[PDB]
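**Q**
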């Protein structure tokens, strides 16, 4: 063991020096240096499988060290899977070691996240999907580790792999944003994940929130690397509605997913156009001609007499609709987010009216000052 | 499909709906349209959807319950048109 670390363990440049330092930590009993510095050398991927094979020998050293499992065991397992390569039964062994030795219950939930990922690789939407449900129970309500919630997101993203349910993907990606420590995530790797998020991830019908996720800053900046026109087309479906020029562009932006759901997405933009008139314009411009709705639903004006009824049928938002000109002037609507900087919320609509009221309130006081007494 | 809308009918349809064995059957997916408000279902579209009900060729075992023939079938055929027409007015 001491001899093994001194010469055989060394592989990459600087490994003999770091392993000699590791021996000093082993004698000094400084678990923290072993927990962070030794695992940091393990974190480097240049060694790949070779560090992982050494890691099994180091795991025996780690058992003597008795470093905290939530930090030490998870890092060891992260490179243990690299050593495992294809783990037909290797996965059972690593899970067995994690189950047998648990510093804390939180480490046990971390073990579950690994079990689900390994099961996902070998099997789809079976025990692994149920294990993803089990991990939700194991996580409970504790987000203090935060990285553990990211591991929980990883199985949630794995659930998106198991069933297309792009809505589940939309929820997990949002969960990842909350449980990620910050932009400390590798920017290029996240930009590459955002390239997929920009492509299939947002092309999936699961996310279309008028910028609730699309206009969120971290992902959109990473999605700038992904084709800008496709990213614009995603905003265009939600707020640009029909966006017929963008409709030609969306086929260019991503042929996969868009072509499969083009009819369904066309229906979704038609529904989006109906929601758009009421929330964006309150009264006045909210009322609009049938031909504008025909352009909004990208359908013929004669067809829109039939089409407006179908869009009205979805009834996502309760309202009042008049078919004299197909004008909206409807009641309740839910905007995913307000446009621009909420200019309507400023003196354009609100606040300015409130200023007018207090002057009239003063008129009531002037009308009857003696009565106020 | 052959029974008129009632408070009892709605509670019963929800209880039957969601059975795992029922989920496997394609017809159950067609039957769900009445259970949900589903806006309006046109009868002409339903005839295309339920052409299988007349002769599935794989199941069709309870098809006698619906359009079996005339006395217990044509009466059922009129009932389906009436119940969907009733669905159209209710929504």
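Chains as they are written, first to last, in the authors' numbering: chain a, 4 to 376; chain W, 275 to 365.
Every residue gets a Cβ at the ideal spot worked out from N, C-alpha and C, and that includes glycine.
1) What number of angstroms, rounded off, separates the C-alpha of residue 182 of chain a from the C-alpha of residue 47 of chain a?
2) How big is the Cα-Cα spacing for residue 253 of chain a and residue 364 of chain a?
3) Taking C-beta pairs closer than 8 Å, name the residues in chain W that residue 316 of chain a reaches, listed in chain order.
4) Using only alpha-carbon positions, find the residue among a:84, a:110, a:93 and a:102 that is nearest to residue 72 of chain a.
5) Whose C-alpha, out of a:160, a:168, a:15 and a:260, is nearest the C-alpha of residue 206 of chain a?
6) Taking contact to mean at least 3 C-beta pairs separated by less than 8 Å, is the region 169-177 of chain a in contact with the region 296-304 of chain a?
7) So, under 8 Å CB-CB, residue 197 of chain a and residue 222 of chain a are touching, yes? Tell me the CB distance rounded to an integer number of Å.
8) Could you give the uninterrupted runs of the beta strand (DSSP E) lying entirely in the region 288-331 of chain a, keeping only those of 3 residues or more?
9) Let me confirm a value: residue 144 of chain a is counted as buried when at least 16 other C-beta atoms fall within 10 Å, else exposed. Which label applies?
10) Ignoring anything shorter than 4 residues, give me the alpha helix (DSSP H) runs that lie fully in the region 96-168 of chain a, in order along the chain.
11) Tell me the rounded alpha-carbon separation between residue 95 of chain a and residue 188 of chain a.
12) Give the secondary structure of residue 179 of chain a by DSSP, where H, G and I count as helix, E and B as strand, and everything else as coil.
13) Note down, one range per segment and in chain order, each alpha helix (DSSP H) of at least 4 residues found wholly within the region 237-294 of chain a.
14) Measure how close the beta-carbons of residue 336 of chain a and residue 320 of chain a come, nearest whole angstrom, since I'm counting them as under 8 Å.
15) Give the single residue among a:10, a:314 and a:330 whose Cα lies nearest to the Cα of residue 293 of chain a.
16) What residue range is occupied by the uninterrupted alpha helix (DSSP H) comprising residue 365 of chain a?
17) Sorry if obvious, but does the Cβ on residue 213 of chain a come closer than 6 Å to a heavy atom of the ligand HEM?
18) If we count the other Cβ atoms within 10 Å of its Cβ and call it buried at 16 or more, is residue 23 of chain a buried or exposed?
19) Specify whether the region 154-164 of chain a and the region 116-135 of chain a touch according to this definition: at least 3 beta carbon pairs, one from each stretch, less than 8 Å apart.
20) So, are the CB atoms of residue 340 of chain W and residue 350 of chain W less than 7 Å apart?
21) Would you call the CB atoms of residue 116 of chain a and residue 74 of chain a closer than 7 Å?
22) Since I believe residue 238 of chain a is in contact with residue 204 of chain a (beta carbons under 8 Å), could you give me their beta-carbon distance rounded to a whole number of angstroms?
23) For residue 257 of chain a and residue 267 of chain a, what's the separation of their Cα atoms in angstroms?
24) Give me, in chain order, the residues of the same chain whose beta-carbon lies closer than 6 Å to that of residue 324 of chain W; leave out the 5 immediate sequence neighbours on both sides.
25) Please list the terminal residues of the continuous alpha helix (DSSP H) segment that includes residue 281 of chain W.
26) Restricting to runs no shorter than 4 residues, where is the alpha helix (DSSP H) found entirely within the region 10-65 of chain a?
27) Is it a yes or a no for the region 290-300 of chain W touching the region 313-320 of chain W, going by three-plus beta-carbon pairs under 8 Å?
28) Secondary structure at residue 85 of chain a, three-state DSSP: helix, strand or coil?
29) Does DSSP put residue 277 of chain W in a helix, in a strand, or in coil?
30) Kindly indicate which residue of a:315, a:341, a:36 and a:376 has the alpha-carbon position closest to the one of residue 333 of chain a.
31) How would you label residue 65 of chain a, buried or exposed, when you count the other beta carbons within 10 angstroms and need 16 or more for buried?
32) Please report how far the alpha carbon of residue 333 of chain W lies from the alpha carbon of residue 321 of chain W, in whole angstroms.
33) Which class does residue 191 of chain a belong to by DSSP, given the choice of helix, strand or coil?
**A** Let me spell this out:
1) Here the alpha carbons of residue 47 of chain a and residue 182 of chain a stand approximately 24 Å from one another.
2) Rounded to the nearest angstrom, the two C-alpha atoms are 54 Å apart.
3) Identification of chain W residues near residue 316 of chain a by a Cβ-Cβ cut-off of 8 Å yields 313 and 314, ordered along the chain.
4) Closest by alpha carbon: a:110.
5) Nearest option by C-alpha distance: a:260.
6) Between the region 169-177 of chain a and the region 296-304 of chain a, the count of Cβ pairs shorter than 8 Å is below three; the stretches do not touch.
7) Under the criterion of beta carbons closer than 8 Å, residue 197 of chain a and residue 222 of chain a qualify as touching, at roughly 5 Å.
8) Counting only runs of 3 or more, we get nothing.
9) In the assembly as shown, residue 144 of chain a is an exposed residue. Its beta-carbon has fewer than 16 other beta-carbons within 10 Å.
10) Considered as a whole, the region 96-168 of chain a harbours 108-125, 130-142 and 150-165 as its complete alpha helix (DSSP H) runs of no fewer than 4 residues, in chain order.
11) Looking at the two C-alpha atoms, the distance is approximately 30 Å.
12) In the structure shown, residue 179 of chain a adopts helical secondary structure according to DSSP, grouped into three states.
13) Taking only runs of at least 4 residues, the alpha helix (DSSP H) segments lying wholly in the region 237-294 of chain a are 247-256, 258-261 and 265-283.
14) The beta-carbon separation of residue 336 of chain a and residue 320 of chain a, rounded to 4 Å, stays under the 8 Å limit for a contact.
15) When a:10, a:314 and a:330 are compared, the shortest CA-CA separation from residue 293 of chain a is found for a:330.
16) Here the alpha helix (DSSP H) through residue 365 of chain a covers 355-370.
17) Of ligands this structure carries none, so the ligand HEM is not represented either.
18) Answer is exposed; the Cβ neighbour count stays below 16.
19) In short, these stretches touch, since the Cβ pair count reaches three.
20) Yes, they are a contact pair.
21) Going by C-beta atoms, residue 116 of chain a is not nearer than 7 Å to residue 74 of chain a.
22) A Cβ-Cβ distance of about 15 Å is found for the pair residue 204 of chain a and residue 238 of chain a, leaving them out of contact under the 8 Å criterion.
23) Roughly 16 Å between the two C-alpha positions.
24) Correct list: empty, nothing qualifies.
25) Per DSSP, residue 281 of chain W belongs to the alpha helix (DSSP H) from 281-290.
26) Listed in chain order, the complete alpha helix (DSSP H) runs (minimum 4 residues) inside the region 10-65 of chain a are 18-31 and 42-46.
27) With a cut-off of 8 Å, the region 313-320 of chain W and the region 290-300 of chain W do not count as touching, because too few Cβ pairs lie within range.
28) Helix, per DSSP.
29) Note: residue 277 of chain W maps to coil in three-state DSSP.
30) Check the Cα spacing between residue 333 of chain a and each of a:315, a:341, a:36 and a:376: the tightest is with a:315.
31) Under this definition residue 65 of chain a is a buried residue.
32) Across the structure, residue 333 of chain W and residue 321 of chain W are spaced so that their CA atoms are roughly 18 Å apart.
33) For residue 191 of chain a, the three-state secondary structure derived from DSSP is helix.
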